[PDB]
Protein chains: 2
Amino acid sequence: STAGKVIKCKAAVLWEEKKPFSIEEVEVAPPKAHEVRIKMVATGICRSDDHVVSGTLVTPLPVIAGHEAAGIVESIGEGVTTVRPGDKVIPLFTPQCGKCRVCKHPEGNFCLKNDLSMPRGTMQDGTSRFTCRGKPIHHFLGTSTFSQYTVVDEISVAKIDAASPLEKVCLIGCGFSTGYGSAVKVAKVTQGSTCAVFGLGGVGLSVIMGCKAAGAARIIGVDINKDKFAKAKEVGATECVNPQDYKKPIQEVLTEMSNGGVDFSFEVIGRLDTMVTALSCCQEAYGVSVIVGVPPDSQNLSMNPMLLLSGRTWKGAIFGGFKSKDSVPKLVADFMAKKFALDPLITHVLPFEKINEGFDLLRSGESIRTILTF
Amino acid sequence: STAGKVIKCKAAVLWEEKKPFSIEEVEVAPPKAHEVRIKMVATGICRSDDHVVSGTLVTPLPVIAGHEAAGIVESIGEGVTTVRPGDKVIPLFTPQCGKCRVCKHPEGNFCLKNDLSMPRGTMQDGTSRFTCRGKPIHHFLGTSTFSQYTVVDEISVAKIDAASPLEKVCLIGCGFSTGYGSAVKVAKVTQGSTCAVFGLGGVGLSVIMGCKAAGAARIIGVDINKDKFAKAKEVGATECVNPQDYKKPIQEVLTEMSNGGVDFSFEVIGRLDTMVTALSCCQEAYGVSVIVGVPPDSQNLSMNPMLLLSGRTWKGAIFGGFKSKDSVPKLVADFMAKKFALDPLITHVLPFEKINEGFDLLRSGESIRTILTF
Ligand SMILES: NC(=O)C1=CN([C@@H]2O[C@H](COP(=O)(O)OP(=O)(O)OC[C@H]3O[C@@H](n4cnc5c(N)ncnc54)[C@H](O)[C@@H]3O)[C@@H](O)[C@H]2O)C=CC1
Ligand SMILES: NC(=O)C1=CN([C@@H]2O[C@H](COP(=O)(O)OP(=O)(O)OC[C@H]3O[C@@H](n4cnc5c(N)ncnc54)[C@H](O)[C@@H]3O)[C@@H](O)[C@H]2O)C=CC1
Ligand SMILES: CCCCC[C@@H](C)NC=O
Ligand SMILES: CCCCC[C@@H](C)NC=O
Ligand SMILES: [Zn+2]
Ligand SMILES: [Zn+2]
Ligand SMILES: [Zn+2]
Ligand SMILES: [Zn+2]
């Protein structure tokens, strides 16, 4: 019944950096050609949403953030062919247009239609579907899921299993898939290897799940918050280390523990120093290090290229390297088939209107994923 | 006739940085257990030997440099099994002990017995076989080929085909195998791909040959010395660009030329800035960039890790990733079967006594490889 009509609903608007989200009445326009309007069912609080608040990630403000979510299609614009009203869907913060050089490449997934490289904070057409008191509100990564309703381009949404539990599978929209894919697809962790995972939040735990799935023999978790260690061990870490406990640099500790360096390391925090530490702690001749964390905007790291000349491989990836529209439905199918677990990531569940309590929990160190429900 | 005796012969000794080599009489001790004394036949002048002179590459002085060579075994120490007197051999500046974790790894080649990471400038037993003016003289990478005779450890020498032409195959001891393998083994260049090669000296020309062997569709040579272009095209470059001809930075030029970035880029110069530029010019989502050049000692580069987060792979390698003792004889066999060419790399041939002229030719931009004959 709301098809073709403006919807008035509640959304969490970020008006300014370093402020709480503000629950506002917003107007959500109907979808234009090749756009899809979605009724939100669940959305995760990812550290990347916090990065918009802290200014770590720069994107036009004011904004509706949120990018890790699942919902049900309320209506479709003209020409939409991949979803229908009533379908369960996951919004895709990395699009899959299927036509650019990256979408056509066997390995690439950073589709050229992304809104990450030079953020505009709009729909593909350069405009917004959100207004608050006659003021346009920016979109975030073409998703914007901190809202009862959002509108996304068709290349930024995937249809998923009609029977999937949205309060869990929303994590496949970012944290799980990023961490799991970073291990299994980007690093290509091998059976019997030794892995080191820096940062034991939702994404790092998912990296551990991937390392375990790949048959790593040793998975060393690294975090300065020792409260994160229990859960890391539950999901597959064989040992955990807190750099604050040592009188020497943790790259040295890890090199000693691993008898000369690890096979695979992962930076899942977002600090320049831990990116270089994670590179250094992998074995100098054949080690691989994968950057997953998002560091502060426009800041460069410093490193000695001899670390690479000896034979190391350094790479990064977005969304675990998964081509998003192809992979998300398959990952949901795999979850339904009990191929991996999502409950270990979910520590808190709150109604959407308690979003700020959810961010308080993340910032305090107490939560992994808070899921916000509608 | 010389077996078991100290040999008096000529060598090019480097007494101090930034000075000419001194051609003088040295005493070369007989080989101890598991060592091999070699009569040198031919040695190339590689930019890395010049880096020892300039202090770009730090190794203990005084030293007998030279590492790209071929010769004939004069005698063997007790317990040597892999070569015999009279055998043609290539010294291996990257050893292959066969026993360490790197030698046993399918991908690694930077054997832990190397003298590169923490240079001692000795034999494996921590002593020197060279005396000059009554003083011990350091070895260089366990090779030291700027001498009529040298002594190497058995893990640092490979027996090659008895019919091979030593005045050519000395290049397999460094510059050819390094560039070729950087393409075919390290980057794993694919059929139909676009490559960019920064630096068109002997090693860069060998990278081109590797890209051609791999079936690259486009191979773009980059050099600030336009005199290098003609040879680069002869060996497979489809285009050459001089950064000095353009107003925009060359990574921008190359990104444009390649319709969004190259599949594979190679830094084959040894500058921090071109390492970052070569990384930047590979396609952001699936590009691969290989560092081959040796930069100034102890200096760090600065880069934005967003270059990696979008999906790029950055790696480096020593000696083209080849396990040295396994690979060198096979490379010689392939050369004898004309699977690749060495003549295009050889622009000058001089007697050993004219070593300083050979270094002048390199420094002036005139030569690719000068081969010194004994
Ligand atoms: N590449 C991609 O596509 C994606 C990147 N991200 C990024 O991944 C990172 C992790 O995200 P979440 O798991 O949601 O964050 P989180 O904040 O829950 O986890 C980070 C963990 O790092 C630990 N930590 C902080 N400083 C540390 C230090 N100096 N040493 C060791 N541990 C330290 C914290 O105690 C925390 O447990 C963030 O930067 C986020 O923006 C997340 C999803 C997608
Ligand atoms: N990784 C490894 O195992 C090895 C590394 N090396 C290193 O590879 C590098 C190349 O060796 P060669 O080919 O013997 O040296 P080379 O000196 O003959 O060639 C370097 C080329 O770079 C060009 N060049 C200089 N500045 C440039 C700039 N700003 N932009 C573009 N081109 C520029 C020069 O004109 C020259 O043609 C050296 O640093 C050497 O030490 C060599 C062999 C083994
Ligand atoms: C790991 C750095 C490799 C550099 C090897 C050079 C010095 N060898 C011969 O040119
Ligand atoms: C290339 C950097 C990728 C970062 C992607 C983040 C912002 N998205 C989800 O958390
Ligand atoms: Zn996220
Ligand atoms: Zn695309
Ligand atoms: Zn070894
Ligand atoms: Zn060399």
# chains A, B, ... in the order shown; residues from 1 in each chain; ligands from 1
call {"tool": "residues_near_ligand", "arguments": {"ligand": "ligand 1", "cutoff": "6 Å", "atoms": "only C-alpha atoms and all ligand atoms", "output": "JSON, numbers by chain"}}
result
{"A": [46, 47, 48, 174, 175, 178, 198, 199, 200, 201, 202, 203, 204, 222, 223, 224, 225, 268, 269, 270, 292, 293, 294, 317, 318, 319, 368]}
call {"tool": "write_last_selection", "arguments": {"atoms": "C-alpha atoms", "output": "short mmCIF file (atom, residue, chain, number, x, y, z; two decimals), in the first residue's frame"}}
result
data_model
loop_
_atom_site.label_atom_id
_atom_site.label_comp_id
_atom_site.auth_asym_id
_atom_site.auth_seq_id
_atom_site.Cartn_x
_atom_site.Cartn_y
_atom_site.Cartn_z
CA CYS A 46 29.96 -2.30 13.22
CA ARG A 47 33.11 -0.39 14.27
CA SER A 48 33.02 1.23 10.77
CA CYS A 174 29.52 -7.04 6.87
CA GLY A 175 31.36 -8.35 9.89
CA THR A 178 34.63 -9.62 5.91
CA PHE A 198 45.22 -8.66 15.63
CA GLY A 199 41.94 -7.39 17.04
CA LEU A 200 39.30 -9.69 18.53
CA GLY A 201 36.08 -7.84 17.78
CA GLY A 202 33.32 -9.10 15.50
CA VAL A 203 35.50 -8.99 12.42
CA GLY A 204 38.59 -10.59 14.10
CA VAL A 222 46.19 -10.49 19.85
CA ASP A 223 44.22 -7.80 21.75
CA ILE A 224 44.94 -5.20 24.42
CA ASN A 225 41.61 -6.05 26.05
CA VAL A 268 41.66 -6.28 12.21
CA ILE A 269 41.85 -3.10 14.30
CA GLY A 270 42.57 -0.04 12.15
CA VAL A 292 41.34 -5.53 7.21
CA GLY A 293 41.13 -2.64 9.71
CA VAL A 294 40.25 0.90 8.59
CA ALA A 317 40.60 -6.29 1.00
CA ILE A 318 37.10 -4.97 1.32
CA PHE A 319 34.30 -7.32 2.47
CA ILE A 368 31.12 -7.71 20.08
#
call {"tool": "residues_around", "arguments": {"residues": "stretch 120-134 of chain A", "least_positions_apart": "5", "cutoff": "8 Å", "atoms": "only C-alpha atoms", "output": "compact mmCIF listing (two decimals) with N, CA and C atoms, in the first residue's frame"}}
result
# COMPACT_ATOMS: atom_id res chain seq x y z
N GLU A 24 15.34 10.85 14.52
CA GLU A 24 14.55 11.91 13.87
C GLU A 24 13.42 11.31 13.07
N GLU A 25 12.37 12.10 12.87
CA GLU A 25 11.39 11.76 11.87
C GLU A 25 11.98 12.19 10.53
N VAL A 26 12.05 11.23 9.62
CA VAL A 26 12.54 11.53 8.27
C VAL A 26 11.47 11.16 7.24
N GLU A 27 11.60 11.73 6.05
CA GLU A 27 10.82 11.31 4.89
C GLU A 27 11.70 10.50 3.94
N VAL A 28 11.24 9.31 3.58
CA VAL A 28 11.95 8.42 2.65
C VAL A 28 11.15 8.40 1.33
N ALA A 29 11.76 8.91 0.27
CA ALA A 29 11.13 8.93 -1.05
C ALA A 29 10.90 7.52 -1.57
N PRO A 30 9.94 7.35 -2.47
CA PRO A 30 9.78 6.05 -3.14
C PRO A 30 10.98 5.79 -4.08
N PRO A 31 11.25 4.52 -4.37
CA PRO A 31 12.40 4.18 -5.21
C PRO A 31 12.19 4.62 -6.65
N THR A 59 32.94 10.97 5.40
CA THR A 59 31.85 10.82 4.47
C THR A 59 30.92 12.03 4.71
N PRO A 60 30.26 12.54 3.67
CA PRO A 60 29.46 13.76 3.86
C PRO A 60 28.42 13.65 4.98
N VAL A 63 24.29 12.46 7.95
CA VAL A 63 24.21 11.15 7.31
C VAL A 63 23.36 10.19 8.11
N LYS A 113 31.46 1.06 -8.91
CA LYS A 113 30.28 1.88 -8.53
C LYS A 113 30.23 2.18 -7.03
N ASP A 115 30.81 3.70 -3.27
CA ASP A 115 30.81 5.05 -2.73
C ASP A 115 31.87 5.22 -1.64
N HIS A 139 23.23 9.55 2.28
CA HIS A 139 23.32 8.11 2.41
C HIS A 139 24.74 7.72 2.81
N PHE A 140 24.93 6.45 3.20
CA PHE A 140 26.23 5.93 3.64
C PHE A 140 26.48 4.62 2.91
N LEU A 141 27.53 4.60 2.09
CA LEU A 141 27.92 3.41 1.31
C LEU A 141 26.75 2.80 0.50
N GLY A 142 25.82 3.65 0.05
CA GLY A 142 24.65 3.19 -0.66
C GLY A 142 23.80 2.20 0.13
N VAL A 151 16.34 3.23 1.01
CA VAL A 151 16.32 2.99 -0.42
C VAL A 151 17.73 2.76 -0.91
N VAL A 152 17.92 1.70 -1.69
CA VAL A 152 19.25 1.33 -2.20
C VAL A 152 19.15 1.09 -3.70
N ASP A 153 20.27 1.26 -4.40
CA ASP A 153 20.33 0.87 -5.81
C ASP A 153 20.29 -0.66 -5.93
call {"tool": "interface_residues", "arguments": {"of": "chain A", "to": "chain B", "cutoff": "6 Å", "atoms": "only C-alpha atoms", "output": "list in words"}}
result
residues 108, 110, 285, 286, 300, 301, 302, 303, 304, 308, 309, 310, 311, 312, 313, 314, 315, 316, 317 and 318 of chain A
call {"tool": "select_by_dssp", "arguments": {"residues": "stretch 33-136 of chain A", "states": "alpha helix (DSSP H)", "output": "ChimeraX atom specification"}}
result
/A:47-54,101-104
call {"tool": "select_by_dssp", "arguments": {"residues": "stretch 145-226 of chain A", "states": "strand (DSSP E)", "output": "number ranges by chain"}}
result
A: 149-153, 157-159, 194-198, 218-222
call {"tool": "residues_around", "arguments": {"residues": "residue B:11", "least_positions_apart": "5", "cutoff": "6 Å", "atoms": "only C-alpha atoms", "output": "number ranges by chain"}}
result
B: 23-24, 146-147
call {"tool": "write_last_selection", "arguments": {"atoms": "N, CA, C and O atoms", "output": "mmCIF file, in the first residue's frame"}}
result
data_model
loop_
_atom_site.group_PDB
_atom_site.id
_atom_site.type_symbol
_atom_site.label_atom_id
_atom_site.label_comp_id
_atom_site.auth_asym_id
_atom_site.auth_seq_id
_atom_site.Cartn_x
_atom_site.Cartn_y
_atom_site.Cartn_z
ATOM 1 N N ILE B 23 92.703 -3.179 -8.009
ATOM 2 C CA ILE B 23 93.068 -4.493 -8.542
ATOM 3 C C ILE B 23 94.411 -4.859 -7.959
ATOM 4 O O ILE B 23 95.446 -4.252 -8.308
ATOM 5 N N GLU B 24 94.422 -5.812 -7.034
ATOM 6 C CA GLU B 24 95.697 -6.212 -6.454
ATOM 7 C C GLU B 24 95.792 -7.672 -6.117
ATOM 8 O O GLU B 24 94.834 -8.414 -6.321
ATOM 9 N N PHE B 146 84.491 -10.960 -7.948
ATOM 10 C CA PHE B 146 85.490 -10.045 -8.553
ATOM 11 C C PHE B 146 86.920 -10.476 -8.171
ATOM 12 O O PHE B 146 87.698 -9.723 -7.585
ATOM 13 N N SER B 147 87.257 -11.729 -8.476
ATOM 14 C CA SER B 147 88.549 -12.312 -8.131
ATOM 15 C C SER B 147 88.819 -13.440 -9.085
ATOM 16 O O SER B 147 87.887 -14.144 -9.504
#
call {"tool": "closest_residue", "arguments": {"among": "B:361, B:33, B:278, B:92", "to": "ligand 8", "atoms": "only C-alpha atoms and all ligand atoms"}}
result
B:92
call {"tool": "closest_residue", "arguments": {"among": "A:68, A:239, A:87, A:35", "to": "ligand 5", "atoms": "only C-alpha atoms and all ligand atoms"}}
result
A:68
call {"tool": "closest_residue", "arguments": {"among": "A:61, A:100, A:14, A:171", "to": "ligand 5", "atoms": "only C-alpha atoms and all ligand atoms"}}
result
A:171
call {"tool": "closest_residue", "arguments": {"among": "B:344, B:98, B:179, B:71", "to": "ligand 8", "atoms": "only C-alpha atoms and all ligand atoms"}}
result
B:179
call {"tool": "closest_residue", "arguments": {"among": "B:89, B:52, B:355, B:9", "to": "ligand 8", "atoms": "only C-alpha atoms and all ligand atoms"}}
result
B:52
call {"tool": "closest_residue", "arguments": {"among": "B:205, B:76, B:282, B:36", "to": "residue B:177", "atoms": "only C-alpha atoms"}}
result
B:205
call {"tool": "residues_around", "arguments": {"residues": "stretch 232-236 of chain A", "least_positions_apart": "3", "cutoff": "7 Å", "atoms": "only C-alpha atoms", "output": "ChimeraX atom specification"}}
result
/A:200,205,208-209,212,221,228-229
call {"tool": "residues_around", "arguments": {"residues": "residue A:189", "least_positions_apart": "2", "cutoff": "10 Å", "atoms": "only C-alpha atoms", "output": "PyMOL selection string"}}
result
chain A and resi 182-187+191-195+210-216+263-265+288
call {"tool": "residues_around", "arguments": {"residues": "stretch 246-257 of chain B", "least_positions_apart": "6", "cutoff": "7 Å", "atoms": "only C-alpha atoms", "output": "ChimeraX atom specification"}}
result
/B:277-278,280-281
call {"tool": "residues_around", "arguments": {"residues": "residue B:370", "least_positions_apart": "4", "cutoff": "6 Å", "atoms": "only C-alpha atoms", "output": "ChimeraX atom specification"}}
result
/B:44-45,348-349
call {"tool": "atom_distance", "arguments": {"atom1": "atom CA of residue B:359", "atom2": "atom 6 (C, counted along the ligand's line) of ligand 3"}}
result
16.7 Å
